[PDB]
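Okay, so here's just one chain, in C-alpha cells, the form deposited in one PDB entry.
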C-alpha cells in the first residue's frame, strides 16, 4: 500500500572513485587532513599514480550526488526509469562508460553531457581504518556547459520534476547552472534542496553559495559543515541547534514552501529546524563494531531522505528514512546494499 514517487532531479559531478588503504604518513606526505575532502591542487601532484601502484586498488563509480541518486533509486526499485534523473558532465572514456552504465542499470535516467575538453573525473579515496580522505579531480565534470543545460532532455527533466537536489560541490563549477535550476524550480513551484558538501565550500565559494541560498527551500549538512557555515556568517555561537535556527530566519529566503534545515551529527541526533521551531530525530543505536565505512554516510542519508520526501512523508519521517539508509551503507565496504530495503517509509 504505497505511492508512486514524484520525479526528482539531481545534479552533481560524476566521478570515479579510485580507492586504497593507506598510512597516516601518506596523508601527510600529500598534505591532507584526515576525513576531509578537497579539490586536487599542485600540492597533491602524483597522488593518483601513487595510489594506482598500490595493491587491491579499486575503481568504483562515485560522485556525491550520484551516490545520492542511487540510494534513492534503491529505495524505489519498482520505478526504475520513472523516478530520478541525473545531470553532470563526463567524457566518452573507460571511466565515463563505467559511471553511465552502473547508474542506468540501477534505473537512473542519465541526462549527462559528453565533452572532449578533458577526461572523465576521478576521486582519490584514501582509506585509513574506517575514515576516508578524498581528493577530487573533476576533469570533465568541470566543463558542464550552458548548451547542455538548455538542451531538450534537461529542460524536459526540469519541467517534469517536482524536487531538485544539487550538491554544494556543484558550486565550484558554474553557479549559473545552479541558478537556472533554482528558477525552474520556482516556475513549477517545486522544491529546491542543497547539501553543504564540505567546509571548503563555505571557505572558498561563499559568494556562489550566497547566490543560491535565497532560492533554497531545504538546506542539509553535517556537524562540521554547520560550524563552518556559522563561521562564514560570523555567528558567535557554538551550538548546532542555534545555527539551524538562524539558518531558518536570518539566511535570506524568497520561497514559499518553507525553509527547512537538516544537520546530521553521526552518532547523535539529527537536528531538524523550521519556522515552527527545532526538533531532534534520534539515530537508532548501532554496534560500532558493525560500522565499517563512514564514507558516503551523508550521501546515503540524503538518498533516504529524498526517497521518502518523494512519496510525501513528513520531515521527521524523511530523516528516519535517511537514518535507515545511512546505517545500511556504513555496514558495508563501499556504496553497497542488500538486494531490497527492509524499511517502509
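In this text, rigid core is short for the largest set of C-alphas that superpose within 1.5 Å between two forms. Positions refer to the first chain, counted from 1.
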If you average the Cα B factors in the entry, which is higher, 309-317 or 42-50? 42-50
If you take the mean CA temperature factor per stretch, which one wins between 183-191 and 71-79? 183-191
Comparing C-alpha B-factors across 97, 265, 227, 162 in this entry, the winner is 97
Which one, 146, 128, 170, 197, has the peak C-alpha temperature factor per the PDB entry? 146
Quick check on the deposited entry: does the C-alpha B-factor of residue 283 sit in the lowest, middle or highest third of its chain? lowest
Report the third (lowest, middle or highest) to which the CA temperature factor of residue 336 belongs, ranking only the modelled residues of the same chain. highest
Quick check for you: using the entry's CA B-factors within this chain, is residue 36 in the lowest, middle or highest third? middle
What third of its chain, lowest, middle or highest, does the C-alpha temperature factor of residue 205 fall into? middle
For residue 247, does the deposited CA B-factor place it in the lowest, middle or highest third of the chain? middle
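One more form of this protein, deposited in another entry, exists but is not displayed; see below.
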After superposing on the rigid core, which residue among 311, 278, 315, 27 shows a C-alpha displacement of 2 Å or more between this form and the one not shown? 27
After the core is overlaid between this form and the one not shown, has the C-alpha of residue 175 moved by 2 angstroms or more? no
Taking the rigid core as the frame, does residue 133 move its C-alpha by 2 Å or more between this form and the one not shown? yes
If you line up the core, does residue 123 shift 2 angstroms or more at its C-alpha between this form and the one not shown? yes
Did residue 58 and residue 106 drift closer or farther in the other form, going by a CA distance change of 3 angstroms or more? closer
Explain in one word, closer or farther, how the Cα atoms of residue 106 and residue 59 are placed in the other form relative to this form, where the distance changes by 3 Å or more. closer
